[PDB]
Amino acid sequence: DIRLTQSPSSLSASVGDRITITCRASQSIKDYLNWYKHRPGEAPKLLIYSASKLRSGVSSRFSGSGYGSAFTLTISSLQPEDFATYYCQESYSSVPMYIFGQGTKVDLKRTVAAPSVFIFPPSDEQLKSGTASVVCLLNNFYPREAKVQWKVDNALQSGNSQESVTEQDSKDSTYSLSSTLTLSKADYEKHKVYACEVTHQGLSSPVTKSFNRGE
């Protein structure tokens, strides 16, 4: 029952930067801590074992430090291949559990860009089939963290939406995100105002896009 907390969850970096990410354990684990890299489309790979030992073949730009509960992974000069998600992993439990942290995604820095928000009502074609999908699009934003809340007649929706997010765009370095609210036709038809509310670092106050069913 050991916990690992990585921070930041997202790190904006440029090619050539000195990068530092951290792993906090809920208790002293001495040096029973390892670091991994995972790029989409590649096998994960070990970088550091026992807190600071570099794996053979891994570049000297990687280094690990720490003993006890505060651990750090450092990249001395970020290269393009380093844009990836990095995980810490402990091996200190008596019954093996080998917990990984939630990961820190390192992506290409650009200027903050708030999302452009669009809402789409369900089509009449879909409605005839007994289901209603409401879609909220968050387009071309940065950084990646964004929150979408669905409100139907001012009731906060929970458990009936799903989100998908693109990988960082190769041209403008932005992200896009879709959130889909799923309702039965019965439920859809007995409410009027459908709203998605978006928060993001680029937004000084939340952006709400809404429509009224039947209008």
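Residue positions are given as counts along the sequence shown, with the first one as 1.
- Judged by mean Cα B factor in the deposited record, 81-89 ranks above the other of 81-89 and 134-142.
- Taking the mean C-alpha B-factor of each stretch as recorded, 45-53 and 64-72 are not equal, and the higher mean is that of 64-72.
- Of the candidates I29, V148, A186, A155, the deposited coordinates give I29 the top C-alpha B factor.
- Placement of the Cα temperature factor of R3 within the chain: highest third of the modelled residues, per the deposited record.
- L181 sits in the lowest third of its chain by CA B factor, as recorded in the PDB entry.
- Sorting the modelled residues of the chain by their CA temperature factor places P96 in the highest third.
- When all modelled residues of the chain are sorted by CA temperature factor, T174 is found within the lowest third.
- When the CA B factors of the chain's modelled residues are split into thirds, the value for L33 lands in the middle one.
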